[PDB]
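> First the structure, then my questions, so here it is.
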Amino acid sequence: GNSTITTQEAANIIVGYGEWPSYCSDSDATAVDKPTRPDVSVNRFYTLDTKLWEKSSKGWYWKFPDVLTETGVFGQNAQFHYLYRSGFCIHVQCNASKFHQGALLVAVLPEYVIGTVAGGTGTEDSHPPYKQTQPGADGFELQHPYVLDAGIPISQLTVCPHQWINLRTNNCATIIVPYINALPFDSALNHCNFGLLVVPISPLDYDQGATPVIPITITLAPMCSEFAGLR
Amino acid sequence: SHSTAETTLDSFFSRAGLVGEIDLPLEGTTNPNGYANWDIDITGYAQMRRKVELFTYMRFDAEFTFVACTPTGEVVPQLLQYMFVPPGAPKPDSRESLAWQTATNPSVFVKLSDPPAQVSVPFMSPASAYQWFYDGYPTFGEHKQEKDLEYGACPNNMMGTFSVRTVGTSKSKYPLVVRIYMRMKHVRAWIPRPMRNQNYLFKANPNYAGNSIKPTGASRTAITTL
Amino acid sequence: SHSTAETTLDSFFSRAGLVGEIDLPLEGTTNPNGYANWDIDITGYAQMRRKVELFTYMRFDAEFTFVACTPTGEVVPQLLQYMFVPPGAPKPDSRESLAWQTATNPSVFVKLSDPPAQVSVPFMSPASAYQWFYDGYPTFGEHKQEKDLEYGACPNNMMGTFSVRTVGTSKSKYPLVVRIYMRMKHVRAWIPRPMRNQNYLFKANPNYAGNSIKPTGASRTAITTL
Amino acid sequence: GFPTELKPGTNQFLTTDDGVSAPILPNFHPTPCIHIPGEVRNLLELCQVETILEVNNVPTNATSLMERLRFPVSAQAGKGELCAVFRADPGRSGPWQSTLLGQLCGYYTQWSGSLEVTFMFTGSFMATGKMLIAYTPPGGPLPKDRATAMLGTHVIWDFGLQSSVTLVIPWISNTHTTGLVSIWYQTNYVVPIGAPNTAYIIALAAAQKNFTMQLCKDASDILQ
Amino acid sequence: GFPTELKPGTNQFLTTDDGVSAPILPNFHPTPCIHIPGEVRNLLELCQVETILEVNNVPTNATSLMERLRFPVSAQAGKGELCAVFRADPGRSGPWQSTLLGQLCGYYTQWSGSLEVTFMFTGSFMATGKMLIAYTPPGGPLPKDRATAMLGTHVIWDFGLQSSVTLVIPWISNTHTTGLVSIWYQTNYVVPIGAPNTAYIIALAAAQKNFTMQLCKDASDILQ
Amino acid sequence: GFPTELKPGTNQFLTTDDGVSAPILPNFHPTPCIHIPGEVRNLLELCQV
């Protein structure tokens, strides 16, 4: 932690599936060459940026590991390498006044295959563009929310790892995610192992105050990174 | 106390359902050549896609049973051939193709008078588990405009193909139809997902009619009424 | 770790293949008399010869299965007879020959309505193992003219002959076709050889089209190109 | 050379017989199963996870279908006004249909167990006020008024201390009425200057471990 | 007098069922198995023996198909010139198709393991010169130049001490880009008077004991 | 109530199958075997004379 800004650690932490991120044992790891374990330098706290939550906003989502593929050392240690393995430590920070109100659903969905509109009747055998499916650092904004833009009801999303952020109680979500995939090692650029999901369920509101836009800061840092093929 | 056996995955999945109907007429456009190649999918039995998509990763064996008859349900003295084409192996192009004789493709020879052929198909993926969802691209390169139809398709969940014959050489003397039934065995599932809530539009792609969005469940006139 | 079971010989050879097609029509020149003699070879199933010539010396039992039907795939109430004529034993010359009754050669009586006949044949060579290569001559003498055709032929690899009948006395009432299927069992191989790279020209003779020589594999335009 | 008699039922093929069958590929050893997190072994694990309960039902807003997840509770109310009311049977339509529980039940016929619904108040930190949650068991109608809801099983919920209260529903079987959860205004909805006069409540519901489903059935969703 | 029920699958004959069957000749006792040298019991024993790797491909000259077994390395080169390059997948066409491994793999569908490629220099005793062999794993093209070949796993091969160098390929799977072995001129090809300006290298390949093949398939060679 | 599957080769009758068969005359006890000189047990005994 290069700048641990104490938020006084609490039981907001949520182990993925009761499974703490761990280096793949080489008995588990189908490989005989020495796997690159890249110290602390890449374990630094990457803070994407801040998104402005406003009452018309519907939600945002990121794609791991597509979020960091072009952002610093980790990105460089992924694009260069051929096989990749890691977990993550998601710290979604939402700092707002005590007079504001709203409720966010920070959630993690493995294999977030996005479905987009095929036509108001279904006119197209279409498929979502490189931007939408891999928005990366800036992130992408949901268009249809009740359906998770994938024919999937958000009403049951909480079956996935999730942490609530009620503005009257808490300002911080903390999800740690272990590597979850059929293969032990996959590509970094092509298979977005999972997607970060943060959707305002109970909408923001206010009598006209002095601030109409609540910030959402996302800090995150890899847990048990692991790389294989070189260039 | 009670019993929690009936809420298990095997209790939830292990039933042979109709997954394939193959028409083998003597005249018509549906199947002129006299053979059919049936790519295996756990659809067909339509209500399986929603069930099976409750989870992200799954694992199972498969037991296929072949009930054959005429459209009248008559059993007739015909000697059929069901040939299983494993992944990677070449599928038959025509009735006289050498694929029928390539004995790397198991093939079952049953008479229609005989009871339904039964046979089991093991787990086929190179991966540790099938994926019903592959959030990304299966190739290892490229970035251009229409690479999109490839998006979300994992070929490794290919279990193979069943090919049905008459057999040759001359065409049948009977109108035939074979029913394909699939049952799951030894099921292990993993990452659970919220269940499909909108009408399906395609296969291997969860797109949806954007303008015709139905709510997940039924609705009522007011919050304080029953 | 993984599994090395499918790279075993039994895993590599033990699959029943098509080795013989015998047409028994009521009209034609193909088989007029009404009986057929099928000399056993591990050929027929073409893709076997390259496999089996991976080794010099081999040893196995063989399980033969007989699928019989009409060209229409119709099963008809015919009682055919499959008779096994061991090496050295005299083969049938005509349908009424006493060979069909000489019960020193085993014979199978099946109805076509009955499921395919099955039976196993043990290792038949006088030698301790089969040879696919006999760099020399089997007789003990002579050197003149065309003894040349005899070079490279091992008589000891004779497993016998299968003869199919109707049965007699009168000719069949149905057009018949019998399919013979062969599977190896208890396989032991020995001296390993480089695998065939040229098209076969004959049986029991590894000659090759000398002017039409193919390279072992595909090629590219240059050494430094992809 | 072994006397057998074929019993009635030979040659039959029924869709649910669990027997063995010839294997297409002996000698074929499938790719081994590596460990993957979050393996489920029984559906009851899912019926036990809290999920969003669409108590508010308004389809007209295809534009705004997200409204179905939330209560409106505002200062424009008054004591004892009925905020919301829903049934305590999941297999039936329809507020429970939004739940993972309700739709799992859609794949089953009979069930029995106890359920619990966790309510979360999502208003500002400064808003306070007491609300009465009352459960009314199968048989016997909705309470006449808040006072008559008191006598039955209930919970006095305040925003002062508890932003999130959770209600245990004692028992629900499916021997076929429903039971009845009702949310009431115990007090006014109190708010200071500059604070919203309107807030929203999210209901999360689930079954606990004594829940069992009993007979398998199949649902309604199109393919192609 | 023994209750049996025929279950579906009776009377069927599938080409790969491993069952027993009546023996045509009981009482017949085969010629006994005497000992014969070099019995193999598994094909993996063969995939582990080094075989000649046809890297050089020129079929049109059917007269001179023998040239396909050898590298050309001559004084007409220069620093950093690319000598040769081939792919690191044996099951695929085609330089590996010359190997016993590559064509055994042709009888199979999926496989996984590590490979090793042994290079042997067949030049004069007096010839010297350094050569750079570089492996470039799947994804990412062959390096633009020798400097960019260094950064990846590579081997500086000299003719001074080692006439025979061997490269280990860490891992190659068959999840159906390939990987890439590239041979470079680290230095010029040094030779005194009366020595050939041109020499040849033979590439021999094989798999090590961690190699496994997985699914049986059949190939392409006609008969008659 | 005992799952059996008929394998290929049923109903076939091959002239040298070494099996058993129902006995036409159970209860019939054959005339006993008295000792008789010069019993052969193998034809090789003859190849030796």
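Labels used: A, B, ... for chains in the order of the structure tokens, numbers from 1 for residues in each chain, and numbers from 1 for ligands as shown.
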Counting only C-alpha atoms, which residues in chain B sit no more than 12 Å from chain C? For each one, give the nearest pair of atoms and the distance in Å, sorted by chain then residue number, as a tab-separated table.

```
residue	atom	partner	partner_atom	distance
B:26	CA	C:72	CA	11.8
B:34	CA	C:72	CA	11.6
B:75	CA	C:74	CA	11.9
B:76	CA	C:74	CA	8.4
B:77	CA	C:75	CA	5.3
B:78	CA	C:74	CA	4.5
B:79	CA	C:73	CA	4.9
B:80	CA	C:73	CA	7.0
B:81	CA	C:73	CA	9.6
B:98	CA	C:46	CA	10.4
B:99	CA	C:47	CA	11.8
B:100	CA	C:18	CA	9.6
B:101	CA	C:18	CA	6.4
B:102	CA	C:17	CA	7.7
B:103	CA	C:17	CA	5.4
B:104	CA	C:15	CA	7.4
B:105	CA	C:15	CA	9.4
B:106	CA	C:15	CA	8.4
B:107	CA	C:16	CA	9.8
B:108	CA	C:67	CA	11.1
B:109	CA	C:67	CA	8.1
B:110	CA	C:115	CA	8.3
B:111	CA	C:75	CA	7.9
B:112	CA	C:75	CA	9.6
B:113	CA	C:113	CA	9.1
B:114	CA	C:115	CA	8.8
B:115	CA	C:115	CA	11.7
B:165	CA	C:73	CA	9.4
B:166	CA	C:73	CA	6.0
B:167	CA	C:73	CA	5.1
B:168	CA	C:71	CA	5.7
B:169	CA	C:71	CA	5.1
B:170	CA	C:71	CA	5.2
B:171	CA	C:72	CA	5.6
B:172	CA	C:72	CA	4.7
B:173	CA	C:72	CA	6.2
B:174	CA	C:72	CA	8.8
B:175	CA	C:72	CA	11.8
B:176	CA	C:73	CA	11.7
```
> Up to 8 Å from chain B, what residues of chain E turn up? Count only C-alpha atoms and give them as a list in words.
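Residues satisfying the distance criterion: residues 8, 9, 10, 11, 12, 13, 14, 15, 16, 109, 110, 139, 175, 176, 177, 216, 217 and 218 of chain E.
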> Calculated over only C-alpha atoms, which of the candidates D:1, D:204, D:87, D:28 has the smallest distance to chain E?
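Under the stated criterion, the closest residue is D:28.
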> Output as a Markdown table one row per residue of chain A within 10 Å of chain E: the closest atom pair and its distance in Å to one decimal place, counting only C-alpha atoms, sorted by chain and residue number ascending.

```
| residue | atom | partner | partner_atom | distance |
| --- | --- | --- | --- | --- |
| A:30 | CA | E:171 | CA | 9.0 |
| A:31 | CA | E:171 | CA | 6.9 |
| A:32 | CA | E:170 | CA | 6.7 |
| A:33 | CA | E:170 | CA | 6.3 |
| A:34 | CA | E:170 | CA | 10.0 |
| A:79 | CA | E:140 | CA | 9.2 |
| A:80 | CA | E:140 | CA | 8.0 |
| A:81 | CA | E:139 | CA | 8.5 |
| A:82 | CA | E:139 | CA | 6.2 |
| A:83 | CA | E:138 | CA | 9.2 |
| A:187 | CA | E:139 | CA | 9.2 |
| A:228 | CA | E:137 | CA | 9.6 |
| A:229 | CA | E:137 | CA | 6.0 |
| A:230 | CA | E:152 | CA | 6.2 |
| A:231 | CA | E:152 | CA | 6.4 |
```
> Need the shell around residue 77 in chain A: protein/DNA/RNA residues with any atom at most 9 Å away, counting only C-alpha atoms. Skip same-chain ones fewer than 6 positions apart. Format as a PDB file with C-alpha atoms, in the first residue's frame?

```pdb
ATOM      1  CA  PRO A  38       5.750  -9.549  -9.825  1.00  0.00           C
ATOM      2  CA  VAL A  42       2.339  -3.939  -9.430  1.00  0.00           C
ATOM      3  CA  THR A  69      -4.525  -3.695 -19.456  1.00  0.00           C
ATOM      4  CA  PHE A 227       2.432 -14.541 -15.448  1.00  0.00           C
TER       5      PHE A 227
END
```
> Just list as a PyMOL selection string whatever in chain F DSSP marks as helix (DSSP H, G or I).
chain F and resi 44-47
> Just the selected residues (C-alpha atoms), exported as a tab-separated table (two decimals), in the first residue's frame, please.

```tsv
chain	number	residue	atom	x	y	z
F	44	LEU	CA	0.17	-88.82	-29.52
F	45	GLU	CA	0.32	-92.23	-27.80
F	46	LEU	CA	-0.29	-93.57	-31.29
F	47	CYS	CA	2.29	-91.32	-32.95
```
> Pick out the residues sitting within 9 Å of residue 101 in chain E, and hand them over as a ChimeraX atom specification; count only C-alpha atoms, and ignore anything fewer than 5 positions along from it in its own chain.
/E:44,46-51,90-91,96,106,205-207
> Residues of the last selection are to be written out with C-alpha atoms, as a tab-separated table (two decimals), in the first residue's frame.

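Saved to selection.tsv:
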```tsv
chain	number	residue	atom	x	y	z
E	44	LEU	CA	4.57	-42.30	-25.90
E	46	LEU	CA	8.06	-43.30	-29.62
E	47	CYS	CA	7.10	-39.63	-29.24
E	48	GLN	CA	10.18	-39.34	-27.02
E	49	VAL	CA	12.75	-40.42	-29.60
E	50	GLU	CA	14.40	-37.67	-31.63
E	51	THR	CA	13.45	-37.66	-35.31
E	90	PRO	CA	3.61	-30.77	-34.05
E	91	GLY	CA	0.03	-31.82	-34.71
E	96	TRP	CA	6.78	-31.34	-37.79
E	106	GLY	CA	-1.97	-36.95	-36.76
E	205	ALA	CA	12.94	-33.21	-32.56
E	206	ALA	CA	11.11	-35.20	-29.91
E	207	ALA	CA	8.94	-34.75	-26.85
```
> Kindly determine which residues of chain D lie within 10 Å of chain E, considering only C-alpha atoms, and give the answer as a list in words.
residues 2, 3, 4, 5, 6, 7, 8, 9, 10, 11, 12, 13, 14, 17, 19, 20, 21, 22, 23, 24, 25, 26, 27, 28, 29, 30 and 31 of chain D
